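The block underneath contains the structure these notes are about, expressed in structure tokens.
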Amino acid sequence: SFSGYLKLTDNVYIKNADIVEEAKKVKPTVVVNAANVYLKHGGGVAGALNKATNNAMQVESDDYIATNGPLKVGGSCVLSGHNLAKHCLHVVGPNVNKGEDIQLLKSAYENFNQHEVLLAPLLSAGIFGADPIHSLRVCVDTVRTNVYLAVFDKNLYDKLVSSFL
Ligand SMILES: CNCc1cnn(-c2ccccc2)c1
């Protein structure tokens, strides 16, 4: 199972790790992708996860969008985890850089409650432009299922742990 995580709460764990490497090692039931509404996995966590699947994640995602249309900001869909996990839960956090409502971050994290255990990044962090300290706070106050957070950046990981209330 998951190893080397620091326990933050009864159900939230955190590790300084590359979520792609973490997923390839653990092969969790669910890996969360930091998706956009179009499932266009160009960069950040999404680009990295998609590149690890040899673009199979993007091919599957394009078929999903062709059939269903875009997701909502704050919404999600379950697709294959390919070589990374049994499933990938594509979750759309608000992208502050595109002027999206930060209040939708709680709705985005609520998607995690449909899965007993997940490997995930901090939603809306990184290239999505939100404050990762705020994202972790919303995560701990919203997710009730077991969430293993992978934080790529060591300096950000240290700041998140050291400032965690
Ligand atoms: C083998 N490394 C793949 C890779 C590239 N980028 N990231 C990454 C970036 C931001 C957030 C999480 C992960 C992982």
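Counting begins at 1 with the first residue of the sequence.
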Practice task
Flag the pair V96 / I102 as yes when at least one side-chain heavy-atom distance between them is below 4.5 Å, and no otherwise.
Solution key: yes
Handout entry: Side-chain touch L149/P121, heavy atoms, less than 4.5 angstrom
Key = no
Exercise for the section: Taking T53 for its side chain and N50 for its backbone only, find out whether a donor-acceptor pair lies under 3.5 Å. Expected result: yes
Handout entry: From CG (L8) to CZ (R137), nearest 0.5 Å
Key = 9.0 Å
Exercise for the section: Of all the heavy-atom pairs spanning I133 and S163, show the shortest one and how long it is. Expected result: CD1-OG, 3.9 Å
Practice task
Say whether, by atom type as modelled, one donor and one acceptor occur between the side chain of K106 and the main chain of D141 under 3.5 angstrom.
Solution key: yes
Practice task
State whether the side chain of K7 and the backbone N or O of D10 hold a donor-acceptor pair below 3.5 Å, judged by distance alone.
Solution key: yes
Problem - Criterion side-chain contact (heavy atoms from CB on, under 4.5 Å) on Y13 and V147, from CA distance to verdict - result: CA-CA 6 Å; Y13 296 82; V147 60; over 6 Å; no
Exercise for the section: Return the orientation label for the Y148 and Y5 ring planes: parallel under 30°, perpendicular over 60°, tilted otherwise. Expected result: perpendicular
Practice task
Determine yes or no for a side-chain-to-main-chain donor-acceptor pair under 3.5 angstrom, with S124 supplying the side chain and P94 the backbone.
Solution key: yes
Problem - Any side-chain heavy-atom pair of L119 and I19 under 4.5 Å - result: yes
Exercise for the section: Identify whether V151 and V140 are in the same connected component of the hydrophobic contact network (ILVMFWY, side-chain heavy atoms under 4.5 Å). Expected result: yes
Practice task
Could you tell me whether a side-chain N or O of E100 sits under 3.5 Å from a main-chain N or O of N95, the two making a donor and an acceptor?
Solution key: yes
Handout entry: Atom of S1, atom of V26 and distance for their closest heavy-atom approach
Key = O-CG2, 4.3 Å
Exercise for the section: Compare all side-chain heavy atoms of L89 with those of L79 and state whether any distance is below 4.5 angstrom. Expected result: no
Exercise for the section: Using the rule that two of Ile, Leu, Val, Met, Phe, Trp, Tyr join whenever any of their side-chain heavy atoms come within less than 4.5 Å, decide whether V30 and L122 are in one cluster. Expected result: yes
Handout entry: Cluster overlap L123 with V45, hydrophobic side-chain contacts below 4.5 Å
Key = no
Completion exercise
On a heavy-atom basis, the closest approach of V20 and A52 is CG1-CB, 3.6 Å
Practice task
Might you work through the side-chain contact (heavy atoms from CB on, under 4.5 Å) test for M57 and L49, ending with a clear yes or no?
Solution key: CA-CA 8 Å; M57 173 182 292; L49 291 175; 4.1 Å; yes
Exercise for the section: Scan residues 24-39 for pairs that pass side chain to side chain donor-acceptor pair (under 3.5 Å), counting only residues two or more places apart or in two chains. Expected result: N33-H41, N33-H90
Practice task
Please write out which residues are connected to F152 in a hydrophobic cluster, directly or through intermediates, given that two of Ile, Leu, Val, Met, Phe, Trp, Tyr count as joined at side-chain heavy-atom separations below 4.5 angstrom.
Solution key: none
Handout entry: Side chain proximity check, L118 to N146, heavy atoms < 4.5 angstrom
Key = no
Handout entry: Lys/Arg N to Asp/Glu carboxylate O, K40 vs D62, below 4.0 Å
Key = yes
Problem - Polar side-chain atom of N11 near backbone of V143 as donor-acceptor pair, under 3.5 Å - result: yes
Problem - Atom of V31, atom of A23 and distance for their closest heavy-atom approach - result: CG2-CB, 4.4 Å
Handout entry: Close side-chain approach of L156 to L160, heavy-atom, < 4.5 Å
Key = yes
Problem - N111 side chain to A108 backbone, donor-acceptor under 3.5 Å - result: yes
Problem - Steps toward side-chain contact (heavy atoms from CB on, under 4.5 Å) verdict (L136, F164) - result: CA-CA 8 Å; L136 176 57; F164 183 62; 4.1 Å; yes
Exercise for the section: Answer yes or no: is there a side-chain heavy-atom contact under 4.5 Å between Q58 and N55? Expected result: yes
Handout entry: Cluster check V12, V161: I/L/V/M/F/W/Y, side chain < 4.5 angstrom
Key = yes
Practice task
Inspect the surroundings of CD in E21 and state if more than 12 heavy atoms from other residues, nucleotides or ligands are less than 6.0 Å away.
Solution key: yes
Handout entry: Distance in Å, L71 CG paired with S76 OG, rounded so as to fall on 0.5 Å steps
Key = 7.0 Å
Problem - Any side-chain heavy-atom pair of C88 and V32 under 4.5 Å - result: no
Problem - Derivation and outcome, side-chain contact (heavy atoms from CB on, under 4.5 Å), residues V73 and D101 - result: CA-CA 9 Å; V73 174; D101 183 7; over 6 Å; no
Practice task
Provide the full list of ring pair (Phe, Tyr, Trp, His ring centres under 6.0 Å) pairs with a residue in residues 91-128, sequence neighbours left out, each pair given once.
Solution key: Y109-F112
Exercise for the section: Look at the side chain of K15 and the backbone N and O of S3, then say whether any donor-acceptor pair between them is shorter than 3.5 Å. Expected result: yes
Practice task
Please answer whether the main-chain N or O of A56 pairs with a side-chain N or O of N54 as donor and acceptor at a distance below 3.5 Å.
Solution key: no
